[PDB]
>>> print(open('upload_30.cif').read())   # mmCIF, C-alpha atoms; chains and numbers go by the auth columns
data_target
#
loop_
_atom_site.group_PDB
_atom_site.id
_atom_site.type_symbol
_atom_site.label_atom_id
_atom_site.label_comp_id
_atom_site.label_asym_id
_atom_site.label_seq_id
_atom_site.Cartn_x
_atom_site.Cartn_y
_atom_site.Cartn_z
_atom_site.B_iso_or_equiv
_atom_site.auth_seq_id
_atom_site.auth_asym_id
ATOM 1 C CA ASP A 1 -13.065 9.379 -17.685 0.00 1 A
ATOM 2 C CA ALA A 2 -13.673 6.273 -19.787 0.00 2 A
ATOM 3 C CA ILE A 3 -12.459 8.034 -22.944 0.00 3 A
ATOM 4 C CA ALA A 4 -9.098 8.945 -21.411 0.00 4 A
ATOM 5 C CA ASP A 5 -8.724 5.532 -19.763 0.00 5 A
ATOM 6 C CA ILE A 6 -9.276 3.427 -22.891 0.00 6 A
ATOM 7 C CA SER A 7 -7.048 5.795 -24.878 0.00 7 A
ATOM 8 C CA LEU A 8 -4.138 5.259 -22.485 0.00 8 A
ATOM 9 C CA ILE A 9 -4.912 1.539 -22.159 0.00 9 A
ATOM 10 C CA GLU A 10 -4.914 0.970 -25.925 0.00 10 A
ATOM 11 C CA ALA A 11 -1.683 2.953 -26.350 0.00 11 A
ATOM 12 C CA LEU A 12 0.043 0.520 -23.968 0.00 12 A
ATOM 13 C CA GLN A 13 2.235 -2.378 -25.088 0.00 13 A
ATOM 14 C CA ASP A 14 3.487 -5.645 -23.599 0.00 14 A
ATOM 15 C CA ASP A 15 4.795 -5.002 -20.068 0.00 15 A
ATOM 16 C CA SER A 16 4.358 -1.278 -20.679 0.00 16 A
ATOM 17 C CA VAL A 17 3.962 1.375 -17.982 0.00 17 A
ATOM 18 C CA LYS A 18 1.992 4.637 -17.969 0.00 18 A
ATOM 19 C CA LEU A 19 1.525 7.283 -15.270 0.00 19 A
ATOM 20 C CA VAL A 20 -0.773 10.313 -15.098 0.00 20 A
ATOM 21 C CA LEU A 21 -0.382 12.742 -12.187 0.00 21 A
ATOM 22 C CA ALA A 22 -3.188 15.209 -11.461 0.00 22 A
ATOM 23 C CA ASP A 23 -4.233 17.392 -8.530 0.00 23 A
ATOM 24 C CA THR A 24 -7.245 16.558 -6.367 0.00 24 A
ATOM 25 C CA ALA A 25 -10.000 19.141 -5.824 0.00 25 A
ATOM 26 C CA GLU A 26 -8.659 19.699 -2.283 0.00 26 A
ATOM 27 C CA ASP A 27 -5.311 21.263 -1.375 0.00 27 A
ATOM 28 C CA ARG A 28 -1.862 19.624 -1.454 0.00 28 A
ATOM 29 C CA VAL A 29 -3.306 16.226 -2.423 0.00 29 A
ATOM 30 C CA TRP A 30 -2.576 14.535 -5.752 0.00 30 A
ATOM 31 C CA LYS A 31 -4.010 11.557 -7.624 0.00 31 A
ATOM 32 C CA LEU A 32 -1.609 9.349 -9.596 0.00 32 A
ATOM 33 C CA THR A 33 -3.041 6.792 -12.023 0.00 33 A
ATOM 34 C CA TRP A 34 -0.586 3.956 -12.692 0.00 34 A
ATOM 35 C CA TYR A 35 -1.309 1.667 -15.650 0.00 35 A
ATOM 36 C CA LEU A 36 0.534 -1.655 -15.946 0.00 36 A
ATOM 37 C CA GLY A 37 0.175 -3.116 -19.430 0.00 37 A
ATOM 38 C CA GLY A 38 0.486 -6.872 -19.080 0.00 38 A
ATOM 39 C CA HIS A 39 1.815 -7.819 -15.646 0.00 39 A
ATOM 40 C CA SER A 40 0.701 -7.162 -12.079 0.00 40 A
ATOM 41 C CA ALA A 41 2.951 -5.576 -9.464 0.00 41 A
ATOM 42 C CA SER A 42 2.727 -5.769 -5.691 0.00 42 A
ATOM 43 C CA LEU A 43 2.654 -2.761 -3.383 0.00 43 A
ATOM 44 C CA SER A 44 5.858 -3.697 -1.529 0.00 44 A
ATOM 45 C CA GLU A 45 7.829 -2.780 -4.672 0.00 45 A
ATOM 46 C CA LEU A 46 5.517 -0.109 -6.100 0.00 46 A
ATOM 47 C CA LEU A 47 5.582 1.957 -2.883 0.00 47 A
ATOM 48 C CA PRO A 48 9.368 2.394 -2.332 0.00 48 A
ATOM 49 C CA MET A 49 9.723 4.058 -5.741 0.00 49 A
ATOM 50 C CA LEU A 50 7.158 6.707 -4.794 0.00 50 A
ATOM 51 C CA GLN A 51 8.714 6.929 -1.322 0.00 51 A
ATOM 52 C CA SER A 52 12.037 7.920 -2.893 0.00 52 A
ATOM 53 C CA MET A 53 10.160 10.704 -4.716 0.00 53 A
ATOM 54 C CA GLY A 54 9.522 12.439 -1.379 0.00 54 A
ATOM 55 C CA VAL A 55 5.718 12.097 -1.408 0.00 55 A
ATOM 56 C CA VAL A 56 3.742 10.270 1.279 0.00 56 A
ATOM 57 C CA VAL A 57 1.497 7.392 0.199 0.00 57 A
ATOM 58 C CA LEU A 58 -1.963 7.841 1.716 0.00 58 A
ATOM 59 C CA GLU A 59 -4.430 5.647 -0.185 0.00 59 A
ATOM 60 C CA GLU A 60 -4.410 3.052 -2.955 0.00 60 A
ATOM 61 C CA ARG A 61 -7.197 1.512 -5.024 0.00 61 A
ATOM 62 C CA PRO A 62 -6.610 -1.439 -7.384 0.00 62 A
ATOM 63 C CA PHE A 63 -8.419 -2.302 -10.608 0.00 63 A
ATOM 64 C CA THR A 64 -7.881 -4.721 -13.488 0.00 64 A
ATOM 65 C CA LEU A 65 -9.405 -5.680 -16.832 0.00 65 A
ATOM 66 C CA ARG A 66 -8.652 -7.292 -20.193 0.00 66 A
ATOM 67 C CA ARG A 67 -7.751 -5.462 -23.396 0.00 67 A
ATOM 68 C CA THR A 68 -9.195 -6.067 -26.858 0.00 68 A
ATOM 69 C CA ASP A 69 -6.354 -8.471 -27.737 0.00 69 A
ATOM 70 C CA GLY A 70 -6.752 -10.382 -24.464 0.00 70 A
ATOM 71 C CA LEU A 71 -3.872 -8.595 -22.736 0.00 71 A
ATOM 72 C CA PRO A 72 -4.698 -8.104 -19.026 0.00 72 A
ATOM 73 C CA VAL A 73 -3.956 -4.605 -17.720 0.00 73 A
ATOM 74 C CA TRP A 74 -3.920 -3.224 -14.178 0.00 74 A
ATOM 75 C CA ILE A 75 -4.839 0.246 -12.914 0.00 75 A
ATOM 76 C CA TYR A 76 -3.729 1.646 -9.549 0.00 76 A
ATOM 77 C CA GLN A 77 -5.161 4.881 -8.159 0.00 77 A
ATOM 78 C CA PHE A 78 -2.760 6.445 -5.647 0.00 78 A
ATOM 79 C CA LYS A 79 -3.966 9.270 -3.412 0.00 79 A
ATOM 80 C CA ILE A 80 -0.695 10.843 -2.261 0.00 80 A
ATOM 81 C CA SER A 81 0.521 14.045 -0.621 0.00 81 A
ATOM 82 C CA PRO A 82 3.931 15.687 -1.107 0.00 82 A
ATOM 83 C CA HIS A 83 6.157 16.652 1.787 0.00 83 A
ATOM 84 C CA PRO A 84 5.162 19.949 3.458 0.00 84 A
ATOM 85 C CA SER A 85 8.669 21.388 3.024 0.00 85 A
ATOM 86 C CA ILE A 86 8.402 20.927 -0.761 0.00 86 A
ATOM 87 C CA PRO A 87 7.756 24.320 -2.415 0.00 87 A
ATOM 88 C CA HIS A 88 4.480 25.012 -4.180 0.00 88 A
ATOM 89 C CA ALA A 89 3.775 25.790 -7.836 0.00 89 A
ATOM 90 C CA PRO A 90 3.876 29.522 -8.698 0.00 90 A
ATOM 91 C CA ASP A 91 1.683 28.856 -11.753 0.00 91 A
ATOM 92 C CA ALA A 92 -0.010 26.110 -13.741 0.00 92 A
ATOM 93 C CA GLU A 93 3.057 25.840 -15.987 0.00 93 A
ATOM 94 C CA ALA A 94 5.246 24.847 -13.032 0.00 94 A
ATOM 95 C CA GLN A 95 2.644 22.267 -11.996 0.00 95 A
ATOM 96 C CA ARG A 96 2.602 20.822 -15.523 0.00 96 A
ATOM 97 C CA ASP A 97 6.404 20.667 -15.703 0.00 97 A
ATOM 98 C CA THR A 98 6.607 19.062 -12.257 0.00 98 A
ATOM 99 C CA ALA A 99 3.999 16.479 -13.269 0.00 99 A
ATOM 100 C CA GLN A 100 5.909 15.634 -16.455 0.00 100 A
ATOM 101 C CA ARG A 101 9.207 15.322 -14.580 0.00 101 A
ATOM 102 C CA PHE A 102 7.543 13.208 -11.879 0.00 102 A
ATOM 103 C CA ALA A 103 6.031 10.808 -14.416 0.00 103 A
ATOM 104 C CA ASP A 104 9.285 10.473 -16.364 0.00 104 A
ATOM 105 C CA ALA A 105 11.307 9.980 -13.175 0.00 105 A
ATOM 106 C CA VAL A 106 9.067 7.262 -11.723 0.00 106 A
ATOM 107 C CA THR A 107 8.941 5.565 -15.127 0.00 107 A
ATOM 108 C CA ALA A 108 12.747 5.525 -15.109 0.00 108 A
ATOM 109 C CA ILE A 109 12.746 4.136 -11.558 0.00 109 A
ATOM 110 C CA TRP A 110 10.486 1.229 -12.527 0.00 110 A
ATOM 111 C CA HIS A 111 12.730 0.231 -15.446 0.00 111 A
ATOM 112 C CA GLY A 112 15.732 0.103 -13.106 0.00 112 A
ATOM 113 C CA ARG A 113 17.598 2.850 -14.964 0.00 113 A
ATOM 114 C CA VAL A 114 18.246 4.647 -11.641 0.00 114 A
ATOM 115 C CA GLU A 115 18.569 3.780 -7.952 0.00 115 A
ATOM 116 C CA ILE A 116 16.157 4.090 -5.034 0.00 116 A
ATOM 117 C CA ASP A 117 17.396 6.911 -2.799 0.00 117 A
ATOM 118 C CA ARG A 118 16.334 10.302 -1.480 0.00 118 A
ATOM 119 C CA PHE A 119 18.314 12.025 -4.257 0.00 119 A
ATOM 120 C CA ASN A 120 15.185 11.596 -6.385 0.00 120 A
ATOM 121 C CA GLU A 121 13.451 14.106 -4.095 0.00 121 A
ATOM 122 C CA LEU A 122 15.537 16.843 -5.734 0.00 122 A
ATOM 123 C CA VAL A 123 13.365 16.395 -8.838 0.00 123 A
ATOM 124 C CA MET A 124 10.489 17.927 -6.872 0.00 124 A
ATOM 125 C CA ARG A 125 12.776 20.265 -4.882 0.00 125 A
ATOM 126 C CA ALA A 126 15.259 21.860 -7.305 0.00 126 A
ATOM 127 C CA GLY A 127 13.220 21.190 -10.455 0.00 127 A
ATOM 128 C CA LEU A 128 15.734 18.778 -11.989 0.00 128 A
ATOM 129 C CA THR A 129 15.336 15.854 -14.349 0.00 129 A
ATOM 130 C CA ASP B 1 -19.303 -11.186 8.280 0.00 1 B
ATOM 131 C CA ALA B 2 -21.256 -8.245 9.679 0.00 2 B
ATOM 132 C CA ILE B 3 -21.733 -10.008 13.027 0.00 3 B
ATOM 133 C CA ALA B 4 -17.998 -10.523 13.539 0.00 4 B
ATOM 134 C CA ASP B 5 -17.164 -7.024 12.287 0.00 5 B
ATOM 135 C CA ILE B 6 -19.513 -5.115 14.601 0.00 6 B
ATOM 136 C CA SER B 7 -18.449 -7.334 17.510 0.00 7 B
ATOM 137 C CA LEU B 8 -14.787 -6.417 17.029 0.00 8 B
ATOM 138 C CA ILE B 9 -15.653 -2.781 16.278 0.00 9 B
ATOM 139 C CA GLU B 10 -17.719 -2.372 19.452 0.00 10 B
ATOM 140 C CA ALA B 11 -15.022 -4.046 21.569 0.00 11 B
ATOM 141 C CA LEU B 12 -12.560 -1.359 20.434 0.00 12 B
ATOM 142 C CA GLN B 13 -11.618 1.691 22.501 0.00 13 B
ATOM 143 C CA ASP B 14 -10.116 5.124 21.853 0.00 14 B
ATOM 144 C CA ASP B 15 -7.071 4.758 19.576 0.00 15 B
ATOM 145 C CA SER B 16 -7.373 0.987 19.924 0.00 16 B
ATOM 146 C CA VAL B 17 -5.993 -1.579 17.477 0.00 17 B
ATOM 147 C CA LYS B 18 -7.300 -5.014 16.471 0.00 18 B
ATOM 148 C CA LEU B 19 -5.979 -7.578 13.985 0.00 19 B
ATOM 149 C CA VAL B 20 -7.501 -10.809 12.665 0.00 20 B
ATOM 150 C CA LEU B 21 -5.370 -13.065 10.453 0.00 21 B
ATOM 151 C CA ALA B 22 -7.082 -15.761 8.385 0.00 22 B
ATOM 152 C CA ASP B 23 -6.172 -17.912 5.385 0.00 23 B
ATOM 153 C CA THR B 24 -7.639 -17.288 1.936 0.00 24 B
ATOM 154 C CA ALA B 25 -9.395 -20.103 0.051 0.00 25 B
ATOM 155 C CA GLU B 26 -6.324 -20.379 -2.219 0.00 26 B
ATOM 156 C CA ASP B 27 -2.864 -21.570 -1.174 0.00 27 B
ATOM 157 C CA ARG B 28 -0.181 -19.607 0.704 0.00 28 B
ATOM 158 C CA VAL B 29 -2.265 -16.409 0.696 0.00 29 B
ATOM 159 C CA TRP B 30 -3.601 -14.795 3.871 0.00 30 B
ATOM 160 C CA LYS B 31 -6.114 -12.051 4.639 0.00 31 B
ATOM 161 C CA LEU B 32 -5.377 -9.704 7.550 0.00 32 B
ATOM 162 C CA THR B 33 -8.138 -7.401 8.793 0.00 33 B
ATOM 163 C CA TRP B 34 -6.728 -4.370 10.622 0.00 34 B
ATOM 164 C CA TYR B 35 -9.150 -2.287 12.698 0.00 35 B
ATOM 165 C CA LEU B 36 -8.107 1.184 13.875 0.00 36 B
ATOM 166 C CA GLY B 37 -10.415 2.457 16.605 0.00 37 B
ATOM 167 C CA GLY B 38 -10.360 6.237 16.410 0.00 38 B
ATOM 168 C CA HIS B 39 -7.517 7.452 14.199 0.00 39 B
ATOM 169 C CA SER B 40 -6.485 6.837 10.600 0.00 40 B
ATOM 170 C CA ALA B 41 -3.038 5.588 9.615 0.00 41 B
ATOM 171 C CA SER B 42 -1.238 5.915 6.301 0.00 42 B
ATOM 172 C CA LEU B 43 0.243 3.012 4.363 0.00 43 B
ATOM 173 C CA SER B 44 3.824 4.333 4.489 0.00 44 B
ATOM 174 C CA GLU B 45 3.904 3.483 8.212 0.00 45 B
ATOM 175 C CA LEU B 46 1.480 0.542 8.233 0.00 46 B
ATOM 176 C CA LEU B 47 3.463 -1.373 5.582 0.00 47 B
ATOM 177 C CA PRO B 48 6.983 -1.414 7.143 0.00 48 B
ATOM 178 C CA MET B 49 5.641 -3.176 10.244 0.00 49 B
ATOM 179 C CA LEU B 50 4.267 -6.021 8.121 0.00 50 B
ATOM 180 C CA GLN B 51 7.446 -5.947 6.018 0.00 51 B
ATOM 181 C CA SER B 52 9.505 -6.673 9.136 0.00 52 B
ATOM 182 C CA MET B 53 7.250 -9.699 9.725 0.00 53 B
ATOM 183 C CA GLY B 54 8.670 -11.348 6.592 0.00 54 B
ATOM 184 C CA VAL B 55 5.424 -11.382 4.581 0.00 55 B
ATOM 185 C CA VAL B 56 5.001 -9.646 1.224 0.00 56 B
ATOM 186 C CA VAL B 57 2.240 -7.048 0.890 0.00 57 B
ATOM 187 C CA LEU B 58 0.186 -7.768 -2.231 0.00 58 B
ATOM 188 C CA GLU B 59 -3.126 -5.908 -1.977 0.00 59 B
ATOM 189 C CA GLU B 60 -4.855 -3.440 0.332 0.00 60 B
ATOM 190 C CA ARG B 61 -8.458 -2.267 0.568 0.00 61 B
ATOM 191 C CA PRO B 62 -9.531 0.627 2.827 0.00 62 B
ATOM 192 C CA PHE B 63 -12.856 1.175 4.573 0.00 63 B
ATOM 193 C CA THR B 64 -14.191 3.515 7.255 0.00 64 B
ATOM 194 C CA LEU B 65 -17.350 4.180 9.253 0.00 65 B
ATOM 195 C CA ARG B 66 -18.675 5.717 12.470 0.00 66 B
ATOM 196 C CA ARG B 67 -19.431 3.852 15.689 0.00 67 B
ATOM 197 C CA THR B 68 -22.549 4.169 17.837 0.00 68 B
ATOM 198 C CA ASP B 69 -20.882 6.800 20.054 0.00 69 B
ATOM 199 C CA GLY B 70 -19.674 8.798 17.041 0.00 70 B
ATOM 200 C CA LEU B 71 -16.148 7.374 17.147 0.00 71 B
ATOM 201 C CA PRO B 72 -14.816 6.959 13.577 0.00 72 B
ATOM 202 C CA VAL B 73 -13.132 3.606 12.930 0.00 73 B
ATOM 203 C CA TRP B 74 -11.073 2.384 9.976 0.00 74 B
ATOM 204 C CA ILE B 75 -10.809 -1.104 8.477 0.00 75 B
ATOM 205 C CA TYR B 76 -7.938 -2.248 6.247 0.00 76 B
ATOM 206 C CA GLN B 77 -8.063 -5.547 4.363 0.00 77 B
ATOM 207 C CA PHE B 78 -4.546 -6.765 3.546 0.00 78 B
ATOM 208 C CA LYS B 79 -4.075 -9.598 1.062 0.00 79 B
ATOM 209 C CA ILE B 80 -0.549 -10.795 1.860 0.00 80 B
ATOM 210 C CA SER B 81 1.680 -13.792 1.177 0.00 81 B
ATOM 211 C CA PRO B 82 4.459 -15.112 3.434 0.00 82 B
ATOM 212 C CA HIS B 83 7.970 -15.735 2.191 0.00 83 B
ATOM 213 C CA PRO B 84 8.368 -19.041 0.304 0.00 84 B
ATOM 214 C CA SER B 85 11.234 -20.147 2.565 0.00 85 B
ATOM 215 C CA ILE B 86 8.948 -19.873 5.617 0.00 86 B
ATOM 216 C CA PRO B 87 7.879 -23.379 6.728 0.00 87 B
ATOM 217 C CA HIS B 88 4.261 -24.459 6.485 0.00 88 B
ATOM 218 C CA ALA B 89 1.804 -25.454 9.214 0.00 89 B
ATOM 219 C CA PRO B 90 1.821 -29.190 10.061 0.00 90 B
ATOM 220 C CA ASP B 91 -1.716 -28.868 11.463 0.00 91 B
ATOM 221 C CA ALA B 92 -4.484 -26.387 12.194 0.00 92 B
ATOM 222 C CA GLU B 93 -3.130 -25.911 15.725 0.00 93 B
ATOM 223 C CA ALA B 94 0.176 -24.587 14.377 0.00 94 B
ATOM 224 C CA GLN B 95 -1.728 -22.232 12.068 0.00 95 B
ATOM 225 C CA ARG B 96 -3.791 -20.946 15.004 0.00 96 B
ATOM 226 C CA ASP B 97 -0.709 -20.429 17.181 0.00 97 B
ATOM 227 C CA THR B 98 1.127 -18.670 14.348 0.00 98 B
ATOM 228 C CA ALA B 99 -1.873 -16.397 13.769 0.00 99 B
ATOM 229 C CA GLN B 100 -2.052 -15.503 17.468 0.00 100 B
ATOM 230 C CA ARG B 101 1.684 -14.793 17.636 0.00 101 B
ATOM 231 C CA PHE B 102 1.503 -12.742 14.428 0.00 102 B
ATOM 232 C CA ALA B 103 -1.370 -10.608 15.726 0.00 103 B
ATOM 233 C CA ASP B 104 0.293 -10.038 19.104 0.00 104 B
ATOM 234 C CA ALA B 105 3.637 -9.219 17.477 0.00 105 B
ATOM 235 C CA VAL B 106 2.244 -6.674 15.007 0.00 106 B
ATOM 236 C CA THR B 107 0.148 -5.140 17.790 0.00 107 B
ATOM 237 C CA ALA B 108 3.351 -4.728 19.805 0.00 108 B
ATOM 238 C CA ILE B 109 5.095 -3.200 16.777 0.00 109 B
ATOM 239 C CA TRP B 110 2.376 -0.570 16.342 0.00 110 B
ATOM 240 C CA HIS B 111 2.603 0.521 19.989 0.00 111 B
ATOM 241 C CA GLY B 112 6.357 1.038 19.611 0.00 112 B
ATOM 242 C CA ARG B 113 7.224 -1.588 22.224 0.00 113 B
ATOM 243 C CA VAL B 114 9.725 -3.175 19.791 0.00 114 B
ATOM 244 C CA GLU B 115 11.869 -2.128 16.828 0.00 115 B
ATOM 245 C CA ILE B 116 11.428 -2.551 13.079 0.00 116 B
ATOM 246 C CA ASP B 117 13.953 -5.142 11.898 0.00 117 B
ATOM 247 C CA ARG B 118 14.118 -8.562 10.274 0.00 118 B
ATOM 248 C CA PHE B 119 14.484 -10.198 13.709 0.00 119 B
ATOM 249 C CA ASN B 120 10.677 -10.165 13.831 0.00 120 B
ATOM 250 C CA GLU B 121 10.702 -12.735 11.013 0.00 121 B
ATOM 251 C CA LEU B 122 11.868 -15.321 13.558 0.00 122 B
ATOM 252 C CA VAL B 123 8.345 -15.216 15.017 0.00 123 B
ATOM 253 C CA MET B 124 7.135 -16.939 11.847 0.00 124 B
ATOM 254 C CA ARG B 125 10.360 -18.958 11.424 0.00 125 B
ATOM 255 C CA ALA B 126 11.324 -20.402 14.825 0.00 126 B
ATOM 256 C CA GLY B 127 7.865 -20.066 16.389 0.00 127 B
ATOM 257 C CA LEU B 128 8.908 -17.485 18.986 0.00 128 B
ATOM 258 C CA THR B 129 7.013 -14.714 20.720 0.00 129 B
#
>>> encode(input="upload_30.cif", output="structure tokens")
Amino acid sequence: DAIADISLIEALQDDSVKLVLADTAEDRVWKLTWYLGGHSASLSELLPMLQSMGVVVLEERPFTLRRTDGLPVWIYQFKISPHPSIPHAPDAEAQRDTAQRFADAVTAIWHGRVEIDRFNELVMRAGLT
Amino acid sequence: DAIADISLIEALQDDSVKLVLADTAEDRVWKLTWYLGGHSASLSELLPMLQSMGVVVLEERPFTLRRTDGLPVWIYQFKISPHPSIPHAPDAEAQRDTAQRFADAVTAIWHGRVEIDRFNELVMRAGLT
């Protein structure tokens, strides 16, 4: 896990943001790793963005460290679960596409390019960008 | 810390709730220990109650264990900060009274005896129950 972590950490820039969404070994539970490259963010603003996605926030674990150039970076492990009414993935390809769309959507939400509303849930419902 | 923890844990009952609010060694930062005696609660419902209090949720740390009678209990450490416009405590007595009112208010919020709105902020603003 250290190889993937330092690779994503080094690829970050000033005030950069990275997300990786994977599935937990159990059923209907996902792990989202959220990397903040330079500045820390509180949960009261980080949670509503994921709430608009339609998933339920279950657990959070914070971490932090310093990069090679002295840039402090933060890592947040989110154990989340999507809404039961959300359809499943017929294959691994659908899971991969949904993960990519989810990461891009939340990244857009953080930058303020969109609004915070339940319309975002359609990304995981109708398979839209 | 173990003496105070097991004392509060043993005093709990089925589906009981306990809160202890203390001040961190730094300035304008508080630590709230939230003990759930029997059932686990997600952050998506535990956070709005504290949001209505007027404080900003900064960090959360989860823990769990089993009691002597086999009852599983959960502990949540919340590192929070009140709103800057909220007045300070002129003495330790005001801090103690505010902590007692805060604990009682949030305990009432969890039981559903009140509503979730910004009116609750007056508890920490005008010193009301």
>>> interface_residues(input="upload_30.cif", of="chain B", to="chain A", cutoff="6 Å", atoms="all atoms listed in the file", output="PyMOL selection string")
chain B and resi 42-44+57-58
>>> residues_near_point(input="upload_30.cif", point="(-5.2, 3.9, 22.5)", cutoff="10 Å", atoms="only C-alpha atoms", output="list in words")
residues 12, 13, 14, 15, 16, 17, 36, 37, 38, 39 and 111 of chain B
>>> closest_residue(input="upload_30.cif", among="A:53, A:9, A:123, A:116", to="residue 71 (chain A)", atoms="only C-alpha atoms")
A:9
>>> resolve_selection(input="upload_30.cif", expression="the PyMOL selection byres ((chain B and resi 22) around 10)", output="list in words")
residues 19, 20, 21, 23, 24, 25, 29, 30, 31, 32, 33, 95, 96 and 99 of chain B
>>> closest_residue(input="upload_30.cif", among="B:86, B:108, B:3, B:126", to="residue 50 (chain B)", atoms="only C-alpha atoms")
B:108
>>> resolve_selection(input="upload_30.cif", expression="the PyMOL selection byres ((chain B and resi 129) around 12)", output="list in words")
residues 97, 98, 99, 100, 101, 102, 103, 104, 105, 106, 108, 114, 119, 120, 121, 122, 123, 124, 125, 126, 127 and 128 of chain B
>>> residues_around(input="upload_30.cif", residues="region 66-69 of chain B", least_positions_apart="4", cutoff="9 Å", atoms="all atoms listed in the file", output="ChimeraX atom specification")
/B:9-10,73-74
>>> atom_distance(input="upload_30.cif", atom1="CA of residue 109 (chain A)", atom2="CA of residue 78 (chain A)")
16.8 Å
>>> atom_distance(input="upload_30.cif", atom1="CA of residue 49 (chain A)", atom2="CA of residue 2 (chain A)")
27.4 Å
>>> closest_residue(input="upload_30.cif", among="A:7, A:82, A:88, A:110", to="residue 54 (chain A)", atoms="only C-alpha atoms")
A:82
>>> axis_aligned_box(input="upload_30.cif", around="region 37-46 of chain A", padding_each_side="4 Å", output="lines of an AutoDock Vina configuration file")
center_x = 4.0
center_y = -4.0
center_z = -10.5
size_x = 15.7
size_y = 15.7
size_z = 25.9
>>> atom_distance(input="upload_30.cif", atom1="CA of residue 79 (chain A)", atom2="CA of residue 112 (chain A)")
23.8 Å
